[PDB]
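Enquirer: Would you mind keeping the following structure in view while I ask a few things?
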Number of protein chains: 2
Amino acid sequence: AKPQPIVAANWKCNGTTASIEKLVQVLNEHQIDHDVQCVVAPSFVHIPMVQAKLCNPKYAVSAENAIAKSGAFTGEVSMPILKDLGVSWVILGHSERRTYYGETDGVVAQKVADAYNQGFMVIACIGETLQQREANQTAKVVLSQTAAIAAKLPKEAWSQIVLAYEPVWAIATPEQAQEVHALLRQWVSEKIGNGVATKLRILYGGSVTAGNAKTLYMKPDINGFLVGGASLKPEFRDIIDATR
Amino acid sequence: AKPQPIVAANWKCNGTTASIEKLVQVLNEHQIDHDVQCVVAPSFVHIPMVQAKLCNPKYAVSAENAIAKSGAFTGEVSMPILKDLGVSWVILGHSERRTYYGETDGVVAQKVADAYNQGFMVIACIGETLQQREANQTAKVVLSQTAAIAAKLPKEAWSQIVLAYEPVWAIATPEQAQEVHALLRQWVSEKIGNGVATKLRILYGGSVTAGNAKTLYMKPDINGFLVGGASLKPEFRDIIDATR
Ligand SMILES: [As]
Ligand SMILES: [As]
């Protein structure tokens, strides 16, 4: 029933040359025996070393953010630059960028559309804060965020979209995760179409560990993970193996 | 009289693998016959290729921005990451980040202090908008920006600081540039000390071309350049040679 799972590592703003060499060697030696798309998103300056040292073809390298256009945007990295470098995945709308770096719903929606139209696979992040959840606004918020993205996309774009639900309010039980994933998928099914909804990967982006990954993946509407801190450790392999 | 000049290339969010290979080969073949510190600031994902292909020891590689701390800051690059990668220069406070990416005077001042305390050479950018210049507030603005930076630095930090004046209102005659540079240096001399003021490099960050570089460098308070678009072209070499 489920579509191909994805296990994505978000290294955030972490790593050294030495630590990444060691971690990538562990990922390269891991023999994955089922159909899963693995993604690694290093900090921008580590993308080249990861591209060079990774040899496991079940992985793609992602950026952790991008802007749409090259030009006079000191400090930023654009989608054309990433494409020329051979990066075809990007994480957009991460809660830390929505919170700290001014990415409103509209800003994220436009970036996702720009990444779609430039050929990227996009992990688009959504999720509600503690104040929003306490106000009983979980559904209003995650469906407003998703709707904003959807309004700028044609139906055919959804083959390049992956959603990641971040329970910002926690950063949650597997049951609470499943409730939001099911709501997201039912809204896509109604508004966009049931074929899009059954093929869409909705990844869980709360706290994922070797301890809890299999329990989360048992949920019918969870299609893998956007992993934070545990993705810097050898137990990331156990999180991949939890999607069998 | 003048301190060692600096000619810094800010590539902004521009370049391809192919274009950078070609440009770096031109910079590597250029024989520089006087004492000048050259800097190249590529987009983050191009830092490694530039570090590898550059062979001209008169150049240092810079970042175009950074944050102070590693951690859960998706999409950002930190000063410890850059140091581990061997980057010891950073541009902070560029007008495009102050304008588009929420860097207030306080935010820039704190980053400069954090980069000082982590051992970086810092090109700290200041400059007034068209509305501020029309209000006759050039001096209020560039000295407020500089004062905000200075308030977080001990006197000994100034060996690691370089100022870059950006005439945002234009982006200017060499005379207008010299007036602001002279004002900046006189304020540093009074507030911080005359030995700091005579050793400080104040770089001009308006439109610098092969056509105008020597005329600008003739000005007594201009110590080189933070160059935009012309730094992507072979005529960057002519801008370096204008600091003889
Ligand atoms: As291999
Ligand atoms: As050489």
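The chains in the structure tokens are called A, B, ... from first to last as shown; in each chain the residues are counted from 1, and the ligands are counted from 1 in the order shown.
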Could you pull out all residues of region 57-135 of chain B with a DSSP call of strand (DSSP E) and give them as an MDAnalysis selection string?
Expert: chainID B and resid 59:63 89:92 121:126
Enquirer: Which chains and residue numbers are within 6 Å of ligand 1, counting only C-alpha atoms and all ligand atoms, if I want them as number ranges by chain?
Expert: A: 28, 55-56
Enquirer: Please save N, CA, C and O atoms of the selected residues as a compact mmCIF listing (two decimals), in the first residue's frame.
Expert:
```txt
# COMPACT_ATOMS: atom_id res chain seq x y z
N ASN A 28 28.31 4.41 4.08
CA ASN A 28 28.72 3.72 2.87
C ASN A 28 28.78 2.20 3.07
O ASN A 28 28.45 1.48 2.15
N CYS A 55 29.40 6.98 -1.42
CA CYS A 55 29.43 6.02 -2.53
C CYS A 55 28.21 5.10 -2.54
O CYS A 55 28.14 4.19 -3.35
N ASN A 56 27.27 5.31 -1.63
CA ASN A 56 26.11 4.45 -1.51
C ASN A 56 25.03 5.02 -2.41
O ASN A 56 24.44 6.06 -2.09
```
Enquirer: Let me see if you get this right: every residue at most 10 Å from ligand 2, counting only C-alpha atoms and all ligand atoms, written as a list in words.
Expert: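 If we count only C-alpha atoms and all ligand atoms, the neighbours of ligand 2 turn out to be residues 25, 27, 28, 29, 30, 31, 53, 54, 55, 56 and 57 of chain B.
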Enquirer: Would you write out those residues with N, CA and C atoms, as an mmCIF file, in the first residue's frame?
Expert:
```cif
data_model
loop_
_atom_site.group_PDB
_atom_site.id
_atom_site.type_symbol
_atom_site.label_atom_id
_atom_site.label_comp_id
_atom_site.auth_asym_id
_atom_site.auth_seq_id
_atom_site.Cartn_x
_atom_site.Cartn_y
_atom_site.Cartn_z
ATOM 1 N N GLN B 25 41.842 30.216 -12.549
ATOM 2 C CA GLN B 25 43.081 30.032 -13.298
ATOM 3 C C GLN B 25 43.673 31.389 -13.690
ATOM 4 N N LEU B 27 43.241 34.165 -11.953
ATOM 5 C CA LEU B 27 43.810 34.797 -10.770
ATOM 6 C C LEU B 27 45.147 34.149 -10.374
ATOM 7 N N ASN B 28 45.271 32.833 -10.621
ATOM 8 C CA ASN B 28 46.479 32.110 -10.263
ATOM 9 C C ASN B 28 47.666 32.541 -11.132
ATOM 10 N N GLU B 29 47.386 32.952 -12.373
ATOM 11 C CA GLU B 29 48.451 33.309 -13.323
ATOM 12 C C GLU B 29 48.858 34.770 -13.187
ATOM 13 N N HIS B 30 48.087 35.522 -12.433
ATOM 14 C CA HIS B 30 48.372 36.946 -12.336
ATOM 15 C C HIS B 30 49.552 37.143 -11.405
ATOM 16 N N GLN B 31 50.637 37.769 -11.871
ATOM 17 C CA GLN B 31 51.769 38.022 -10.993
ATOM 18 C C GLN B 31 51.601 39.406 -10.351
ATOM 19 N N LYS B 53 41.519 24.939 -5.871
ATOM 20 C CA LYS B 53 42.067 25.350 -7.170
ATOM 21 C C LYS B 53 42.922 26.613 -7.004
ATOM 22 N N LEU B 54 42.646 27.449 -6.023
ATOM 23 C CA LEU B 54 43.519 28.598 -5.803
ATOM 24 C C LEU B 54 44.919 28.133 -5.382
ATOM 25 N N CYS B 55 45.915 28.756 -6.032
ATOM 26 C CA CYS B 55 47.305 28.476 -5.676
ATOM 27 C C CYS B 55 48.118 29.750 -5.456
ATOM 28 N N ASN B 56 47.485 30.908 -5.530
ATOM 29 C CA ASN B 56 48.184 32.172 -5.409
ATOM 30 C C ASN B 56 48.186 32.542 -3.936
ATOM 31 N N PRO B 57 49.295 32.393 -3.190
ATOM 32 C CA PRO B 57 49.288 32.625 -1.749
ATOM 33 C C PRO B 57 48.971 34.057 -1.307
#
```
Enquirer: Could you work out which residues of chain B fall inside 9 Å of chain A? Count only C-alpha atoms, and format the result as a PyMOL selection string.
Expert: chain B and resi 10-17+42-49+63-66+69-78+80-82+84-85+91+94-97+100-102+228-229
Enquirer: Counting only C-alpha atoms, which residue out of A:202, A:147, A:218, A:213 sits closest to residue 106 (chain A)?
Expert: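 Closest candidate: A:147.
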Enquirer: Apply DSSP to the backbone of this structure and, from region 123-232 of chain A, keep only the residues in alpha helix (DSSP H); write these as a PDB file with N, CA and C atoms, in the first residue's frame.
Expert:
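The resulting file, states_11.pdb, is shown below:
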```pdb
ATOM      1  N   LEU A 130       3.539  25.402  19.859  1.00  0.00           N
ATOM      2  CA  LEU A 130       2.846  25.093  21.116  1.00  0.00           C
ATOM      3  C   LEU A 130       1.622  25.995  21.336  1.00  0.00           C
ATOM      4  N   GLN A 131       1.738  27.302  21.093  1.00  0.00           N
ATOM      5  CA  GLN A 131       0.592  28.208  21.217  1.00  0.00           C
ATOM      6  C   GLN A 131      -0.528  27.820  20.237  1.00  0.00           C
ATOM      7  N   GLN A 132      -0.177  27.421  19.006  1.00  0.00           N
ATOM      8  CA  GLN A 132      -1.198  27.046  18.030  1.00  0.00           C
ATOM      9  C   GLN A 132      -1.885  25.740  18.454  1.00  0.00           C
ATOM     10  N   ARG A 133      -1.104  24.788  18.929  1.00  0.00           N
ATOM     11  CA  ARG A 133      -1.706  23.506  19.375  1.00  0.00           C
ATOM     12  C   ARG A 133      -2.614  23.726  20.600  1.00  0.00           C
ATOM     13  N   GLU A 134      -2.185  24.582  21.522  1.00  0.00           N
ATOM     14  CA  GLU A 134      -2.979  24.850  22.720  1.00  0.00           C
ATOM     15  C   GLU A 134      -4.287  25.543  22.346  1.00  0.00           C
ATOM     16  N   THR A 138      -4.184  23.031  15.412  1.00  0.00           N
ATOM     17  CA  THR A 138      -3.258  22.172  14.662  1.00  0.00           C
ATOM     18  C   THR A 138      -3.681  22.043  13.189  1.00  0.00           C
ATOM     19  N   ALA A 139      -4.932  21.630  12.969  1.00  0.00           N
ATOM     20  CA  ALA A 139      -5.394  21.401  11.609  1.00  0.00           C
ATOM     21  C   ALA A 139      -5.416  22.688  10.787  1.00  0.00           C
ATOM     22  N   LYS A 140      -5.894  23.818  11.344  1.00  0.00           N
ATOM     23  CA  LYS A 140      -5.934  25.107  10.671  1.00  0.00           C
ATOM     24  C   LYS A 140      -4.520  25.442  10.216  1.00  0.00           C
ATOM     25  N   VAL A 141      -3.548  25.232  11.094  1.00  0.00           N
ATOM     26  CA  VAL A 141      -2.211  25.684  10.780  1.00  0.00           C
ATOM     27  C   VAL A 141      -1.547  24.770   9.750  1.00  0.00           C
ATOM     28  N   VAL A 142      -1.517  23.456   9.962  1.00  0.00           N
ATOM     29  CA  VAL A 142      -0.772  22.640   9.012  1.00  0.00           C
ATOM     30  C   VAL A 142      -1.477  22.611   7.655  1.00  0.00           C
ATOM     31  N   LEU A 143      -2.804  22.763   7.627  1.00  0.00           N
ATOM     32  CA  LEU A 143      -3.496  22.780   6.347  1.00  0.00           C
ATOM     33  C   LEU A 143      -3.402  24.164   5.704  1.00  0.00           C
ATOM     34  N   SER A 144      -3.308  25.261   6.463  1.00  0.00           N
ATOM     35  CA  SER A 144      -3.026  26.558   5.861  1.00  0.00           C
ATOM     36  C   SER A 144      -1.641  26.547   5.214  1.00  0.00           C
ATOM     37  N   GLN A 145      -0.648  25.967   5.915  1.00  0.00           N
ATOM     38  CA  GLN A 145       0.719  25.931   5.391  1.00  0.00           C
ATOM     39  C   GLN A 145       0.782  25.110   4.117  1.00  0.00           C
ATOM     40  N   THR A 146       0.098  23.961   4.130  1.00  0.00           N
ATOM     41  CA  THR A 146       0.102  23.105   2.966  1.00  0.00           C
ATOM     42  C   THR A 146      -0.679  23.721   1.799  1.00  0.00           C
ATOM     43  N   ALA A 147      -1.817  24.337   2.110  1.00  0.00           N
ATOM     44  CA  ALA A 147      -2.631  25.003   1.094  1.00  0.00           C
ATOM     45  C   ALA A 147      -1.870  26.121   0.402  1.00  0.00           C
ATOM     46  N   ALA A 148      -1.040  26.848   1.140  1.00  0.00           N
ATOM     47  CA  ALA A 148      -0.289  27.963   0.593  1.00  0.00           C
ATOM     48  C   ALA A 148       0.670  27.401  -0.451  1.00  0.00           C
ATOM     49  N   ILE A 149       1.335  26.282  -0.120  1.00  0.00           N
ATOM     50  CA  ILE A 149       2.220  25.600  -1.058  1.00  0.00           C
ATOM     51  C   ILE A 149       1.429  25.089  -2.261  1.00  0.00           C
ATOM     52  N   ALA A 150       0.303  24.434  -2.001  1.00  0.00           N
ATOM     53  CA  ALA A 150      -0.459  23.777  -3.072  1.00  0.00           C
ATOM     54  C   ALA A 150      -0.994  24.781  -4.113  1.00  0.00           C
ATOM     55  N   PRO A 174       3.453   8.522  18.859  1.00  0.00           N
ATOM     56  CA  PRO A 174       3.206   8.038  17.496  1.00  0.00           C
ATOM     57  C   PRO A 174       1.738   8.227  17.111  1.00  0.00           C
ATOM     58  N   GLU A 175       0.817   8.156  18.083  1.00  0.00           N
ATOM     59  CA  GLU A 175      -0.594   8.373  17.793  1.00  0.00           C
ATOM     60  C   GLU A 175      -0.877   9.810  17.392  1.00  0.00           C
ATOM     61  N   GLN A 176      -0.222  10.769  18.053  1.00  0.00           N
ATOM     62  CA  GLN A 176      -0.407  12.176  17.724  1.00  0.00           C
ATOM     63  C   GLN A 176       0.169  12.486  16.350  1.00  0.00           C
ATOM     64  N   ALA A 177       1.330  11.893  16.043  1.00  0.00           N
ATOM     65  CA  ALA A 177       1.922  12.018  14.723  1.00  0.00           C
ATOM     66  C   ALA A 177       0.977  11.492  13.639  1.00  0.00           C
ATOM     67  N   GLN A 178       0.470  10.262  13.817  1.00  0.00           N
ATOM     68  CA  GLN A 178      -0.427   9.632  12.852  1.00  0.00           C
ATOM     69  C   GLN A 178      -1.685  10.494  12.621  1.00  0.00           C
ATOM     70  N   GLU A 179      -2.247  11.131  13.679  1.00  0.00           N
ATOM     71  CA  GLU A 179      -3.440  11.943  13.516  1.00  0.00           C
ATOM     72  C   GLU A 179      -3.185  13.099  12.543  1.00  0.00           C
ATOM     73  N   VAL A 180      -2.032  13.786  12.680  1.00  0.00           N
ATOM     74  CA  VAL A 180      -1.723  14.883  11.772  1.00  0.00           C
ATOM     75  C   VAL A 180      -1.417  14.382  10.362  1.00  0.00           C
ATOM     76  N   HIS A 181      -0.651  13.299  10.236  1.00  0.00           N
ATOM     77  CA  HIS A 181      -0.353  12.754   8.920  1.00  0.00           C
ATOM     78  C   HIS A 181      -1.626  12.335   8.161  1.00  0.00           C
ATOM     79  N   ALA A 182      -2.551  11.681   8.893  1.00  0.00           N
ATOM     80  CA  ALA A 182      -3.820  11.283   8.306  1.00  0.00           C
ATOM     81  C   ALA A 182      -4.623  12.502   7.860  1.00  0.00           C
ATOM     82  N   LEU A 183      -4.645  13.572   8.671  1.00  0.00           N
ATOM     83  CA  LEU A 183      -5.353  14.795   8.293  1.00  0.00           C
ATOM     84  C   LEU A 183      -4.775  15.436   7.007  1.00  0.00           C
ATOM     85  N   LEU A 184      -3.435  15.515   6.938  1.00  0.00           N
ATOM     86  CA  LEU A 184      -2.739  16.048   5.780  1.00  0.00           C
ATOM     87  C   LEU A 184      -3.088  15.237   4.555  1.00  0.00           C
ATOM     88  N   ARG A 185      -3.018  13.891   4.650  1.00  0.00           N
ATOM     89  CA  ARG A 185      -3.291  13.073   3.485  1.00  0.00           C
ATOM     90  C   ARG A 185      -4.761  13.164   3.015  1.00  0.00           C
ATOM     91  N   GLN A 186      -5.704  13.239   3.956  1.00  0.00           N
ATOM     92  CA  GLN A 186      -7.114  13.357   3.615  1.00  0.00           C
ATOM     93  C   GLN A 186      -7.421  14.700   2.958  1.00  0.00           C
ATOM     94  N   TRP A 187      -6.733  15.763   3.399  1.00  0.00           N
ATOM     95  CA  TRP A 187      -6.920  17.045   2.743  1.00  0.00           C
ATOM     96  C   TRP A 187      -6.359  17.027   1.325  1.00  0.00           C
ATOM     97  N   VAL A 188      -5.159  16.452   1.131  1.00  0.00           N
ATOM     98  CA  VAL A 188      -4.619  16.327  -0.207  1.00  0.00           C
ATOM     99  C   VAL A 188      -5.558  15.497  -1.087  1.00  0.00           C
ATOM    100  N   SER A 189      -6.070  14.397  -0.531  1.00  0.00           N
ATOM    101  CA  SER A 189      -6.950  13.547  -1.308  1.00  0.00           C
ATOM    102  C   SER A 189      -8.177  14.289  -1.830  1.00  0.00           C
ATOM    103  N   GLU A 190      -8.773  15.100  -0.969  1.00  0.00           N
ATOM    104  CA  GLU A 190      -9.981  15.808  -1.363  1.00  0.00           C
ATOM    105  C   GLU A 190      -9.698  16.960  -2.317  1.00  0.00           C
ATOM    106  N   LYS A 191      -8.705  17.776  -1.973  1.00  0.00           N
ATOM    107  CA  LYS A 191      -8.445  18.996  -2.710  1.00  0.00           C
ATOM    108  C   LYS A 191      -7.673  18.732  -3.983  1.00  0.00           C
ATOM    109  N   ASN A 194      -7.059  11.698  -5.126  1.00  0.00           N
ATOM    110  CA  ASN A 194      -6.722  10.538  -4.328  1.00  0.00           C
ATOM    111  C   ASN A 194      -5.488   9.832  -4.858  1.00  0.00           C
ATOM    112  N   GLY A 195      -5.191   9.879  -6.165  1.00  0.00           N
ATOM    113  CA  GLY A 195      -3.966   9.298  -6.670  1.00  0.00           C
ATOM    114  C   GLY A 195      -2.726  10.056  -6.165  1.00  0.00           C
ATOM    115  N   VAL A 196      -2.792  11.376  -6.149  1.00  0.00           N
ATOM    116  CA  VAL A 196      -1.716  12.173  -5.546  1.00  0.00           C
ATOM    117  C   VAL A 196      -1.568  11.827  -4.073  1.00  0.00           C
ATOM    118  N   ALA A 197      -2.674  11.772  -3.334  1.00  0.00           N
ATOM    119  CA  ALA A 197      -2.618  11.506  -1.901  1.00  0.00           C
ATOM    120  C   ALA A 197      -1.992  10.138  -1.583  1.00  0.00           C
ATOM    121  N   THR A 198      -2.314   9.053  -2.324  1.00  0.00           N
ATOM    122  CA  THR A 198      -1.767   7.737  -1.982  1.00  0.00           C
ATOM    123  C   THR A 198      -0.290   7.596  -2.354  1.00  0.00           C
ATOM    124  N   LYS A 199       0.189   8.401  -3.287  1.00  0.00           N
ATOM    125  CA  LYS A 199       1.602   8.333  -3.674  1.00  0.00           C
ATOM    126  C   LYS A 199       2.466   9.307  -2.855  1.00  0.00           C
ATOM    127  N   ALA A 213      11.774   4.549  16.032  1.00  0.00           N
ATOM    128  CA  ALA A 213      11.534   4.603  14.600  1.00  0.00           C
ATOM    129  C   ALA A 213      10.580   3.526  14.081  1.00  0.00           C
ATOM    130  N   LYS A 214      10.743   2.273  14.517  1.00  0.00           N
ATOM    131  CA  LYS A 214       9.865   1.241  14.001  1.00  0.00           C
ATOM    132  C   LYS A 214       8.425   1.504  14.444  1.00  0.00           C
ATOM    133  N   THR A 215       8.236   1.921  15.702  1.00  0.00           N
ATOM    134  CA  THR A 215       6.897   2.207  16.219  1.00  0.00           C
ATOM    135  C   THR A 215       6.222   3.297  15.378  1.00  0.00           C
ATOM    136  N   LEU A 216       6.971   4.330  14.955  1.00  0.00           N
ATOM    137  CA  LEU A 216       6.416   5.389  14.125  1.00  0.00           C
ATOM    138  C   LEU A 216       6.114   4.861  12.734  1.00  0.00           C
ATOM    139  N   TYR A 217       7.019   4.073  12.141  1.00  0.00           N
ATOM    140  CA  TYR A 217       6.827   3.625  10.772  1.00  0.00           C
ATOM    141  C   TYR A 217       5.645   2.653  10.669  1.00  0.00           C
TER     142      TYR A 217
END
```
Enquirer: I'd like to know which of A:104, A:6, A:210, A:111 is closest to residue 237 (chain A), using only C-alpha atoms.
Expert: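 Checking each of A:104, A:6, A:210, A:111 against residue 237 (chain A), counting only C-alpha atoms, the winner is A:210.
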Enquirer: Determine, counting only C-alpha atoms, which protein, DNA and RNA residues have an atom within 8 Å of an atom of residue 244 (chain A); residues of the same chain fewer than 4 positions away are not included. Present the result as a ChimeraX atom specification.
Expert: /A:34-35,240
Enquirer: I need the residues from that last selection saved to file as a CSV table (one decimal), in the first residue's frame (with N, CA, C and O atoms), if you can.
Expert:
```
chain,number,residue,atom,x,y,z
A,34,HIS,N,16.2,-3.0,1.4
A,34,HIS,CA,14.9,-2.8,0.9
A,34,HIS,C,14.9,-1.4,0.2
A,34,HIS,O,15.8,-0.7,0.2
A,35,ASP,N,13.7,-1.2,-0.4
A,35,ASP,CA,13.5,0.0,-1.3
A,35,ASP,C,13.2,1.2,-0.4
A,35,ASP,O,12.2,1.3,0.2
A,240,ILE,N,17.0,4.0,9.2
A,240,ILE,CA,16.8,3.5,7.9
A,240,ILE,C,16.2,2.1,8.0
A,240,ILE,O,15.2,1.8,7.3
```
Enquirer: Near residue 226 (chain A), within 7 Å and counting only C-alpha atoms, which residues show up once chain neighbours fewer than 2 positions away are dropped, as a PyMOL selection string?
Expert: chain A and resi 7-10+164+203-205+228
Enquirer: Distance CA of residue 68 (chain B)-CA of residue 124 (chain B), one decimal place?
Expert: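 Computed distance, CA of residue 68 (chain B) to CA of residue 124 (chain B), equals 14.8 Å.
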